[PDB]
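These notes concern the structure reproduced below.
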Amino acid sequence: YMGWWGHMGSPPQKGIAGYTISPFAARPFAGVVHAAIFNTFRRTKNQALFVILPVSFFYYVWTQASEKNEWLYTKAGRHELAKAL
Amino acid sequence: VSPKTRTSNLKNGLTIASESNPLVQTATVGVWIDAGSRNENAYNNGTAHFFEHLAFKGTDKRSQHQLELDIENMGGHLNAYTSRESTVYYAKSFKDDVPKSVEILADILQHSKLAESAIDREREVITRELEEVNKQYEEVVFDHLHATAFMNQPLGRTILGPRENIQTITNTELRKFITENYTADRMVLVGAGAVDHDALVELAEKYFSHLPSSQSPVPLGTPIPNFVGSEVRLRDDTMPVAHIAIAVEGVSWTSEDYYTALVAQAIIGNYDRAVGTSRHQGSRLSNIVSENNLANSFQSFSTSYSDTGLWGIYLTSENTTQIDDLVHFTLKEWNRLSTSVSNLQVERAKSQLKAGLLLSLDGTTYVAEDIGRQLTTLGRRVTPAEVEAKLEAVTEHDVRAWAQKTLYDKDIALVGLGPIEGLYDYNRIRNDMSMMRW
């Protein structure tokens with residue numbers, strides 16, 4: 001499923017003209033400030049839910065479990081611990 | 001020793017230049033103009049080429065049909081071409097048909113109708129030419145090469161111009177172009193073959209005396225181009241042959257390195273598998289390419305303009321899995337112009353060029369083209385003695401010094417057309433412009 005240079009396995013290409021300029025002719029950091037602020041904001045905003053929802057859920061689960069465990073091993077939690085074992 | 005090129009002026013500033021050959025019976029007279037597409041802006045780009053089509057479509061005296069008949073009756077033919085910096089209109093005839101031909105040329109240049117009906121008719125013919133250059137692969141490659149090397153500059157524009165301009169060119173724009181540009185101080189009347197100079201000067205006084213002079217007469221061949229290292233890829237897997245051009249910014253007509261660049265170009269040279277002698281050529285690139293079947297052909301070039309040039313190579317190949325090798329070995333031969341060339345290669349190339357620059361001038365049309373080109377680019381015809389002296393002045397040190405400033409580690413413009421999947425990206429090509437071992 002992959003060939004090599006000259007016969008890579010692409011369907012025939014026709015009609016596309018491609019253009020680019022030398023690395024010495026270009027500013028490598030052109031538009032960096034706009035990218036760093038606005039592009040990163042767009043990309044992050046669009047993926048935020050997929051990180052926030054599972055992280056926040058599993059952190060809540062952990063927080064509740066760790067707080068209960070801590071409470072069960074206090075004086076106040078003696079009776080509830082006795083039942084739990 | 002060839003006969004001396006005679007040169008005279010008129011009062012308006014029209015140059016007449018002639019070189020007689022009493023052994024031939026035919027003559028080429030014509031007008032070389034120091035003007036071309038480069039003189040257009042973006043809005044009237046295409047005008048100069050448009051005019052060339054209309055110059056043959058009838059004048060104030062002769063209709064299109066009468067024009068046809070008049071030339072047919074002469075016996076010879078007329079020809080024209082427009083380039084970026086030069087326009088030519090010439091007539092090949094019999095010895096004694098020269099006064100007719102000068103008269104017809106003077107007519108079509110000064111007194112052309114440019115009738116709205118003919119503008120409208122050619123507007124379709126030219127539109128069809130846009131879709132048929134597509135076949136002339138070398139021209140496609142070189143036009144993309146200029147477009148990218150001189151990105152957004154006048155030298156980068158096509159001669160035909162965009163489709164949009166073709167639909168909007170008026171007789172007004174045509175008239176304005178030829179009134180501003182086709183002035184006497186930018187024109188040379190050239191005769192070669194069976195022409196008498198004194199006869200030609202009289203014919204010039206008869207037909208070209210009422211030519212406008214420009215307000216500010218600069219010398220002939222008077223011009224800032226900023227080369228862009230870049231690439232155009234026009235991949236077409238259905239084509240069997242890849243066409244590739246690689247160029248760097250080269251030298252103008254009047255550069256001090258003009259001959260050094262020609263010698264360097266001759267060290268790489270040309271190659272064509274279809275010519276029998278090409279397998280035995282001395283050029284190292286020729287030997288690599290022929291032994292390994294890397295290409296069908298290659299042609300080194302050193303194109304000059306008034307204020308810049310392109311120096312490089314044009315390759316054609318069916319070997320689509322070894323395009324990388326072809327490009328690699330070509331650029332490693334260029335590296336050697338900086339690192340390795342000695343008097344061996346330099347003196348061999350000078351020998352070959354000393355003849356080559358003379359041999360090219362065969363028939364009357366080649367001689368006329370040589371007088372016309374030299375007069376419109378340098379302001380004078382350079383004698384073979386001067387040319388022999390300038391070539392002799394090129395040393396190996398000059399070649400190495402030129403290559404180190406022009407080729408070594410420099411940006412290239414690169415155009416690839418056809419099955420070019422194997423042509424690597426810009427960086428890997430441009431990395432071959434130097435050698436890490438040196």
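Following the order of the structure tokens, chains are lettered A, B, ..., residues in each are numbered from 1, and ligands are numbered from 1.
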(request) Kindly provide, as an NGL selection string, the residues of chain B having any atom no farther than 7 Å from an atom of chain A, counting only C-alpha atoms. (result) :B and (228-237 or 320-321 or 411 or 421-422)
(message) Could you tell me how far atom CA of residue B:406 sits from atom CA of residue B:249, in Å to one decimal place?
(response) 7.3 Å
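Proximity to residue B:128 was assessed for B:414, B:166, B:263, B:200 counting only C-alpha atoms; the smallest distance is recorded for B:166.
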